[PDB]
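Each chain, written out:
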Amino acid sequence: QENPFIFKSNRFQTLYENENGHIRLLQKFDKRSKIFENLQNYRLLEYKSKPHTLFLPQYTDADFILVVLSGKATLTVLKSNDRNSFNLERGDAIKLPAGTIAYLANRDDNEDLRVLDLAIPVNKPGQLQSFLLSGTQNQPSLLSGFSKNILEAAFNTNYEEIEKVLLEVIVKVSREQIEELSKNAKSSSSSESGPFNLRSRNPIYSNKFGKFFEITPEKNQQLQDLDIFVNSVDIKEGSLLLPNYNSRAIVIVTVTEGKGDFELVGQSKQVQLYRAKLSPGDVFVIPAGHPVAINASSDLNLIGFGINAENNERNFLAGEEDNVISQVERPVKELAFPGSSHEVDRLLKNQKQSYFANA
Amino acid sequence: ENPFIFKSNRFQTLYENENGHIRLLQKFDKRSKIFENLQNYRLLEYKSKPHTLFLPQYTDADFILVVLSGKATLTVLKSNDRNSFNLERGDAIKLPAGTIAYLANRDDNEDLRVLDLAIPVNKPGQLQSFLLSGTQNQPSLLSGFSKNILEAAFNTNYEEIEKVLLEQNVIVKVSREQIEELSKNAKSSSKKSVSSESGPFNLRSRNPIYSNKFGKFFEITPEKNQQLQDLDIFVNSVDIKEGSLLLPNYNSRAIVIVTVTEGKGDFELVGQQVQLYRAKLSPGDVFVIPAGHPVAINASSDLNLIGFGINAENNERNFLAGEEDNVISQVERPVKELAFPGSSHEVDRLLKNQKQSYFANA
Amino acid sequence: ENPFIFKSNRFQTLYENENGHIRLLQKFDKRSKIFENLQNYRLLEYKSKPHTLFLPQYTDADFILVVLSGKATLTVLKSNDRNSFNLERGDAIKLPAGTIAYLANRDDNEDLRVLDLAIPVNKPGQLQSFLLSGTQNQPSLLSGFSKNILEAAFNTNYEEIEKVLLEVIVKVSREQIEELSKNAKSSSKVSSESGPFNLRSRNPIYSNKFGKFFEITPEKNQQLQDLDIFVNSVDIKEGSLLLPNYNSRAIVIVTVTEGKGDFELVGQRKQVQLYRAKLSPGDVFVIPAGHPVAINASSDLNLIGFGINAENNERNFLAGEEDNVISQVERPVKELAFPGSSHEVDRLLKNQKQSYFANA
């Protein structure tokens, strides 16, 4: 309430859970505050599964982006006349078009699987609508939805046999089954259909204090259609991502591992700062323009989805490179700041670092 | 408490006279907050009797006309030009907001019927017409302007502007002499205007996507016509023969406003926490298939449907029955065994039972 | 009674000193539900006295500047670059939201008038400004950070940061102004991807003895394309008149720059309604798509239109020789549509011999 921007790991409602994993949905952005009126049509989700488990055939009414935080996975993606399976490592992300049926296996025999989904509902702003093939209990099948009558006309079978075979959740699969599910899969390496790794192209910001990898529409067609960019950022224990703002981009920053705090600058003439402590599970939101600083307690990693990516431009307010402040003319530097121009131009050359520094 | 069926009843008569009708379907978001994303789509029927003309008029809304039946001459004006078009069943053309046009039923015996997808430009889901044609209990758009502008404007005294243009019917009886003159020169549609950027296109002047002994599914994506590319709409025409079935299928991302042209039948829609929404279908009736919702449609008599599909680009339709595009029968052997009670072998055999595709016997 | 005219005084003042000001016309949509689709567009006027300088700032809205009068030096910053532009009457430049820039009146006598169409990126109709300008009346955006981030970020003791950076329009010297003039490119001819374009560079779409109508569009210029906007500068001669015309699909935000005159708009509410208002420098009005509009001029009258939903717009006239859409109606239909005769209608339409603008 003292801060609207920081959605705590608790504020994730839990959709479904079993002895094999859970799908948890974040709090609807525009509810927390009227101020996030534009993110009303974007949802976050966390898929987590123990080893040798299977999220069964399912589709929804939302364009998905899955960003494999940790673990090894086999995502099998059904078209109507084709099917294509993919092995997924950390930093692999792929777009799941609304309507697409697909299932997710954790292939690692020890490691937990952890997947961060950005969802865009296409039917009503911010409402997700899932149709399970696995007509389990309490919830019957999407096929249960039809009538004995129609199900017969269609499948060309007595209802007794359909009811038996088809109608009568994340389940447990045998070690041998995951071999089969896998053996055939394609791997990442900016493709179309296949998955692509956030990190498998040089980072845009790299130094002794952190890494900044980021895939934009100008660099991946999957992302173009939705106008999003997906980024991963490492800030090494006891350091700093330097003050910066995104020209036009709104970020959903999520925390995969580490601890730390962020400082956001916001609000007429009443610039107010927004602090919060960061832990795994936690989200915050960087509305375009609002500048932000990120400090790491332990080894902190972040996963951000920028909305309105196309032509976004991230300007820093400190360090050597991309310090827009230092682009100001000397005479104008004089007026803007109490200090003299040779007194500004020297304090800006005090940080020899760029993008990241020390606490 | 089925929000998806808009029975004919839900049409409001914008205008009626001895010569024709113009109906406007209920705002979709007025039915239910399910349809907040059909907010800015309106449907209208246009029916007019032989040898009648909807006089010049434009509207602050992009229109996609589909002639359902009868024979029309559609004249379209531009700031500086004019082009005539004779239209039959299945002929579809986009008329952009501001486009002055007029539409006469050139057939002698038969009525003319037309389904219109209106996309208002100025204020969500609210169209406004402008008439050149004027009366007295409805002065024309030019009546709008003051004397002082009308005289400056037209460089005529009010006495004659009033007499010649304004005063002393938005659908009027017209002669044979007149309707032949309107139609002379005017162009038809073809195959090499099934992707035309200008003229009308026929839904059926290229082969259907799905077709067997029980039904026919014609569909024009934006891919196959630039006119539908601006508004990201698709228009399909679907015939389901008496005692047959449009097999269970969903759209991946496209919302569809379905209208009934001729025939009777009924639909079953799976929604939400899982729910069957059904109802009988008669001509005039409209229902909505939300993206991802598996729909089935069943015909009692020879049935014809006109869908417009909002969010058309990248829309895959994935069927749940029969050989072809049956997504269920693409699940890796063992997952079928885990997903469905059945053995993988039992799943595979049942899916093979229906050897038909897209449409089937009921 | 007429919700279309926004009198000059519906402009709220965001800031004002003895050097310039910044006004922000009230929300179109707060005026009326009628203008819902304009909810996300804001109008601003920047005025500034000679030898002044709106300090470095950025805003969460795409800015389309039209310079109404004055001379100026709009200086634009990227993360790692600076280009500056000498601007004059007609010069329009787009600033992406998140661009830091600073504008200066480089004239010694005439004030600087800019008309901004602002498009918030964050929350519909909501300008968040971010003053890099460090005072107490408006504490620098840098203020917001805690001593600790600040000391680490610049790697400097806090007492050299309070001192130097923290502790909006301002006066400036001739040698200072001459500085910003020294190496600063101009407009000319447009389609130049990132410079300024003059609204009167290309020839006017309509021009005669009674007015000029200049209009750049997404077609003619990539910068407009993105925001799908057109930008026109209509001139109308004293005792002359822009003949009744409607835009097919374009919602125009018309802003009277100088002169006086009146607009007739034809909306509804048996249906057709004449919406009227006298016009004067600062007055704004809205012309919804499809709504016919004539503009009279009491005195020589310039207008700056921001076309919204610009691509594929066709403006149709309803009087005069050219682009007159009524004269395209077939002869037997004129007979029918109008109470008079094919022939009588043909004559009345041939009576106005001028096109676009005419005498009153």
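Residues numbered from 1 in each chain as written, not as in the entry; some residues may be left out. Chains lettered and ligands numbered in written order. Heavy atoms only, no water. Residues with missing side-chain atoms left out of burial classes, pairs and counts.

For this deposited structure, the header cites X-ray crystallography as the method used and 3.100 Å as the resolution.

Asks: What is the right way to look at the domain arrangement of chain B in this model?
Replies: It is common to give the size of an interface as the accessible area lost on bringing the parts into contact. All names here are of chain B. In terms of domains, chain B is made up of domain 1 (5-133 + 169-183) and domain 2 (207-361). For domain 1 versus domain 2, the distance between C-alpha centres works out to 28 Å. Contact residues are listed per partner, giving 23 residues for domain 1 and 23 residues for domain 2. For the pair domain 1 and domain 2, the summed buried surface comes to about 2,000 Å²; carbon and sulfur atoms form 75% of the total. Counting the surface domain 1 buries against domain 2, the share from its top three residues, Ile 5, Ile 64 and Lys 94, is 25%. We note a salt bridge from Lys 94 to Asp 230, for which the minimum N-O separation is 3.9 Å. Across the contact surface, domain 1 and domain 2 share six residue pairs in polar contact. Secondary-structure elements contributing two or more residues to the side of domain 1 that touches domain 2 are strand 1 (5-6), strand 4 (42-48), strand 6 (61-69), strand 9 (91-95) and strand 11 (112-120). (Domains from an automatic or database assignment. Contact = heavy atoms within 4.5 Å. Buried area = accessible area lost by both parts, 1.4 Å probe. Salt bridge = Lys/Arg side-chain N within 4 Å of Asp/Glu carboxyl O. Polar contact = N/O pair within 3.5 Å; in protein donor to acceptor, adjacent residues only side chain to side chain. Helix = DSSP H or I, 4+ residues; strand = E, 2+ residues; numbered from the N terminus.)

Asks: What am I meant to see in the packing of aromatic side chains here?
Replies: Aromatic ring pairs: the centre-centre distance and the angle between the two ring planes describe each pair. Taken as a whole and assessed by the stated rule, the structure comprises 37 aromatic pairs over all chains. A ring pair is formed by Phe4(C) and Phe35(C), whose centres lie 5.7 Å apart and whose planes are at 80°; its orientation type is edge-to-face. Placement of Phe4(C) in the segment before strand 1 (5-6) and of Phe35(C) in the loop between helix 1 (28-31) and strand 4 (42-48) is noted, with a sequence separation of 31 residues between them. A relative accessible area of 3% places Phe35(C) in the buried class. Here the aromatic rings of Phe317(C) and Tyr356(C) are separated by 5.0 Å at their centres, their planes lie at 85°, and the arrangement is edge-to-face. In this pair, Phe317(C) is assigned in strand 25 (residues 315-317) and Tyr356(C) in the loop between helix 7 (342-351) and strand 26 (357-359), connecting sequence segments 39 residues apart. Take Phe317(C): its relative accessible area is 0%, and that puts it in the buried class. An aromatic cluster is present here, built from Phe5(A), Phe7(A), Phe29(A), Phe36(A) and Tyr274(A) joined pairwise through their rings. Between the NZ or CZ atom of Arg32(A) and the centre of the ring of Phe7(A), over which it lies, the distance is 5.2 Å. (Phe/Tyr/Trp six-rings, centres within 6.5 Å; stacked < 30°, edge-to-face > 60°. Buried < 20%, exposed > 50% of the residue type's maximum accessible area, 1.4 Å probe, protein only. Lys NZ or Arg CZ within 6 Å of the ring centre and 35° of its normal.)

Asks: Help me understand the interface of chain C and chain A in this model?
Replies: Counting residues at the interface gives 56 residues for chain C, matched by 55 residues for chain A. Of all the elements in the fold, those that place two or more residues in the side of chain C that touches chain A are strand 5 (52-59), strand 7 (72-78), strand 8 (81-87), strand 12 (129-131), helix 2 (147-154), helix 3 (159-166) and helix 4 (174-181) of chain C. Among the elements that take part in the side of chain C that touches chain A, helix 3 of chain C stands out by supplying six residues, more than any other. Tallied by class, residues from the side of chain C that touches chain A come to 27 nonpolar, 18 polar and eleven charged. (Nonpolar A, V, L, I, M, F, W, Y, C, P; charged D, E, K, R; others polar.)

Asks: In this structure, what is going on with a negative patch on the surface? I would like to understand it.
Replies: Residues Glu160(A), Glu161(A), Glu163(A), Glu168(A) and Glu346(B) make up a contiguous surface patch of negative charge. For the negative patch, the element with the most residues is helix 3 (residues 159-167) of chain A, which contributes three residues. Along the chain, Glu161(A) turns up in helix 3. You can call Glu161(A) partly exposed: its relative accessible area is 37%. (Patch = residues over 30% accessible without salt bridge, like charges linked within 9 Å, V, L, I, M, F, W, Y side chains within 5 Å. Areas by Shrake-Rupley, 256 points an atom, 1.4 Å probe, with all protein chains shown as cover. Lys, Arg positive; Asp, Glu negative; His and termini not counted. Charge placed at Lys NZ, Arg CZ, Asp CG, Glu CD.)

Asks: Can you walk me through the interface of chain B and chain C in this structure?
Replies: Residue-level contacts link 59 residues of chain B with 55 residues of chain C. Element by element, the count of residues in the side of chain B that touches chain C is highest for helix 4 (residues 158-166) of chain B, at seven residues. A breakdown of the residues in the side of chain B that touches chain C according to their chemical character gives 28 nonpolar, 19 polar and twelve charged.

Asks: Which parts of the structure should I look at to understand helix 2 of chain C?
Replies: In an α-helix, one turn spans 3.6 residues, which is why side chains three or four residues apart end up on the same side. Taken together, the buried positions of helix 2 of chain C are occupied by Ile149(C), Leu150(C), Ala152(C), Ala153(C) and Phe154(C). One or two positions beyond helix 2 of chain C, positive phi appears at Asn155(C), with a value near 55°.

Asks: What's the story with the domain arrangement of chain C in this structure? I'm lost.
Replies: All names here are of chain C. Domains assigned within chain C are domain 1 (5-133 + 168-181) and domain 2 (199-359). Taking the mean C-alpha position of each, domain 1 and domain 2 sit 28 Å from one another. Taken residue by residue, the interface counts 25 residues in domain 1 and 26 residues in domain 2. Buried area between domain 1 and domain 2, summed over both chains or domains, comes out near 2,200 Å², and the portion from carbon and sulfur atoms is 72%. When the area that domain 1 buries against domain 2 is broken down by residue, the three leading residues are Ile 5, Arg 89 and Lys 94, summing to 24%.

Asks: Looking at this structure, how should I read the side chain of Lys28(A)?
Replies: Among the secondary structure elements, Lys28(A) is positioned in the loop between strand 3 (21-25) and helix 1 (29-32). For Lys28(A), which is buried and forms no salt bridge, the nearest opposite charge comes from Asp30(A), at a distance of 5.5 Å.

Asks: Looking at this structure, I do not really get the pattern of salt bridges. What am I missing?
Replies: Opposite charge on two side chains permits pairing when their charged atoms draw close. This model, assessed by the stated rule, comprises 41 salt bridges over all chains. The salt bridge partner of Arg107(A) is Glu89(A), with a shortest N-O separation of 3.3 Å. Here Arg107(A) is found in the loop between strand 10 (101-106) and strand 11 (113-121), whereas its partner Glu89(A) is found in the loop between strand 8 (83-88) and strand 9 (92-96), with 18 residues between them in sequence. You can call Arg107(A) buried: its relative accessible area is 17%. Its salt-bridge partner being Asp283(C), residue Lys7(C) comes within 2.7 Å of it at the nearest N-O pair. Under the relative-accessibility criterion, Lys7(C) is labelled partly exposed at 32%. Overall, the relative accessible area of 3% leaves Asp283(C) in the buried class.

Asks: Can you walk me through the side chain of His51(C) in this structure?
Replies: Residues and elements named next belong to chain C. Within the secondary structure layout, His 51 lies in the loop between strand 4 and strand 5. Under the relative-accessibility criterion, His 51 is labelled buried at 13%. A polar atom in the side chain of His 51 sits 3.1 Å from the backbone oxygen of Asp 107. If we ignore the near neighbours within four places in the chain, the residues touching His 51 are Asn 105, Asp 107, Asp 108, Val 170, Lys 171, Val 172, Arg 174 and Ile 177.

Asks: Looking at this structure, how should I read the pairing of strand 2 (residues 13-18) of chain A?
Replies: Side-chain positions along a regular strand alternate between the two faces of the sheet. Residue and element names in this part refer to chain A. The pairing of strand 2 with strand 3 spans five bridges and is antiparallel. Bridge pairing in strand 3 links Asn 18 to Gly 21. The hairpin formed by strand 2 and strand 3 contains two residues between the paired strands. (Pairing = 2+ DSSP bridges.)

Asks: Could you clarify how one ought to interpret the sheet that holds strand 15 (residues 210-211) of chain B in this entry?
Replies: Across a sheet, paired strands are connected by hydrogen bonds in the backbone, their directions being either parallel or antiparallel. All names here are of chain B. The strand order across the open sheet built from seven strands is 1-22-19-24-17-16-15, with neighbouring strands paired in antiparallel fashion. Only two strands of the sheet have a single partner each, and these edge strands are strand 1 and strand 15. Two elements, strand 17 (residues 233-240) and strand 24 (residues 303-310), share eight bridges in a ladder whose sense is antiparallel. Across the sheet, residue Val 238 finds its bridge partner in strand 24, namely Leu 305.

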